[PDB]
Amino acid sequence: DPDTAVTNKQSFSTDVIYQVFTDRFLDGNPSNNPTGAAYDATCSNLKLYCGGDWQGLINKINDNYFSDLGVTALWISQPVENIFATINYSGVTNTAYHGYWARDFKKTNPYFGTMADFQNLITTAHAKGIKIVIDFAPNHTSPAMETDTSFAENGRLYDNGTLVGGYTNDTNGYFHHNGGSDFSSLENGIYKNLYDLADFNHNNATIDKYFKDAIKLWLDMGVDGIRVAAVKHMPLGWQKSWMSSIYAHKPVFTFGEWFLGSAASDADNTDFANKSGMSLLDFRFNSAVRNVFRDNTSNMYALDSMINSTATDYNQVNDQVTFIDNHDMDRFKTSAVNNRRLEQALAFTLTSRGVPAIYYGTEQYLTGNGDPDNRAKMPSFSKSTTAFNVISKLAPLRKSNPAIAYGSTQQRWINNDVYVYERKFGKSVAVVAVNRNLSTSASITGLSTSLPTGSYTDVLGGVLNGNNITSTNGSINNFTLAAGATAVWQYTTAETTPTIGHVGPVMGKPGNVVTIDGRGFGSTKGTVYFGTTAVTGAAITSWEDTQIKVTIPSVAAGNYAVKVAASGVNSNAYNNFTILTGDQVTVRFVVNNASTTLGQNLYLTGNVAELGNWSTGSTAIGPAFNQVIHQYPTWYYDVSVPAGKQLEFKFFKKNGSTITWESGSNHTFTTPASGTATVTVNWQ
């Protein structure tokens, strides 16, 4: 199938995700609405259920609302059965409308519909090329007071009808009982209750196994992408393991939510995105967008920097999901913020790198500062807004022009209020000029692009005051960029040499199937490369110009670079493909008597890639924790590592470049062939 097809569950770079709070869109079925004080017909009260369900989405899918808007994927709230109880938080009754307070991940939220309904939604969506992405928060259950069982549903977790256990009298240790996260450390956040949310203990095998089984179900059903919530509050090791489990079943595009409140880098966030096997929601791109266009707190340079700084940190910057607003913040539009700016931030998002998402209601210029005001009911389904217009023109570009989909970004012109940047992938190009100034226009002179000689038209038709240019070998001729103007000029052509635009997913073990997207691969099956290893014949499950489905060859676990060769002509390399050793399990390492100096730390490293193949580098595990689950001088760390394999490992303290290893013999362990396990040792 072409890389653009809805069939491509491994890549959403060519897509436009429409993020929707199911309950707040369209109540297609009233029969499934909550009874009593959990329900609000007018939806005037947002802490309540308004009625929204899957039929309603089915509906807007059939009358082409989404197809006229050009969004190629729907991101809906978590489908799993939530707590039925109502919770008043000091005078105010709250409901699980958001879908965050789960109790059973193997049943569907009846207020959203049935299993048939869901399967009925998955069908209608693919029928029209709309992918379905869902939320899945494996971090916790519902709010739970341990002293008090009469509060909510005491976080009780079921398993397709059968109850596993609640927060109180949790003899087996499913949840964590460390109190709440005061948010001072990464550890404090991971291992402790988020607010009052019942924290799971993924080290517990039944919980480990449960989630593997649960996601497997939803994937088996048709989901194309999964959005993991609260990833900053669950161990990386456990998630990376959860991931390898998913990629072994039906590899789908997964991303997570690690909150950042600025365009500024955060190692932890970078690291995560890079070592977890999943991507993130580009909160730095979002901030950049907003200071510039919404808040007027930064200028175009700040935007250009964020563009570059992010490309350096993230390994696959194209997988980071972008946005202008979302359920975690004030609606972009406000009385002080004007439309052209909203439309400008859209145009920017829609044409920039990564996977873009649009919070439902944006096209309608919905406003609503804070929670749940940023979760207001869907106000209209008109296709007349200027916002609506801009999306329909700019979104299909992601499917038609691969410079948008997989291309690099480089600035041709810039100044405080003006920005002209260029996307390019192979021979294809796209140029976007932006002028945020609402009162003055700009005389752009000397602009150079890589647009072949021609007379170039504004893809937007001047809706956003775009003009027409003329290129003379890159050389664009002196032109005015009107006030609040924005124009998009592109250039597509056929690719002749193979050129990789994507590899999906980018981590797995030998035996898995990965998707290579690009252009020019040709039709006659060629050969793939994982480093120096040539994959050929029946290993290449599929082959065609824009996509190749290949099998991860049985090579040595490590970081590799994928190269493809269509007619002897090798393409470029998609660096950083992580090849595992095989199936993963999660092992909690505990070392005692590890006394560090001020500013010193402990890392893990062993004889397998998962542990860094004896390195003290970035590839080593750590720094280890020492506060919640175990305290200093006892350190601990959960790590994803090959199952049923004899491991050798040794701890080491680093404090400068100066490393200090454990003495004596390497510690050994034979990992479980499945699930999770603990392994305690003493600092030698």
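Sequential numbering from 1, following the sequence displayed.
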> Between 663-671 and 8-16, which has the larger average Cα B-factor in the PDB entry?
Replying inline: 663-671
> For the C-alpha atoms alone, is the average B factor greater in 334-342 or in 104-112, going by the entry?
Replying inline: 334-342
> Which has the highest CA B-factor per the PDB entry: 396, 510, 501, 372?
Replying inline: 510
> Taking the Cα B-factors listed in the entry, which of 166, 402, 235, 520 comes out highest?
Replying inline: 402
> Split the chain's modelled residues into thirds by Cα B-factor; is residue 632 in the lowest, middle or highest one?
Replying inline: highest
> Sorting the chain's CA B-factors, does residue 440 end up in the lowest, middle or highest third?
Replying inline: lowest
> So where's residue 566 on the chain's Cα temperature factor ranking, which third?
Replying inline: highest
> Considering only modelled residues of the same chain, in which third does the CA B-factor of residue 187 rank: lowest, middle or highest?
Replying inline: middle
> Would the CA B-factor of residue 625 place it in the lowest, middle or highest third of its chain?
Replying inline: lowest
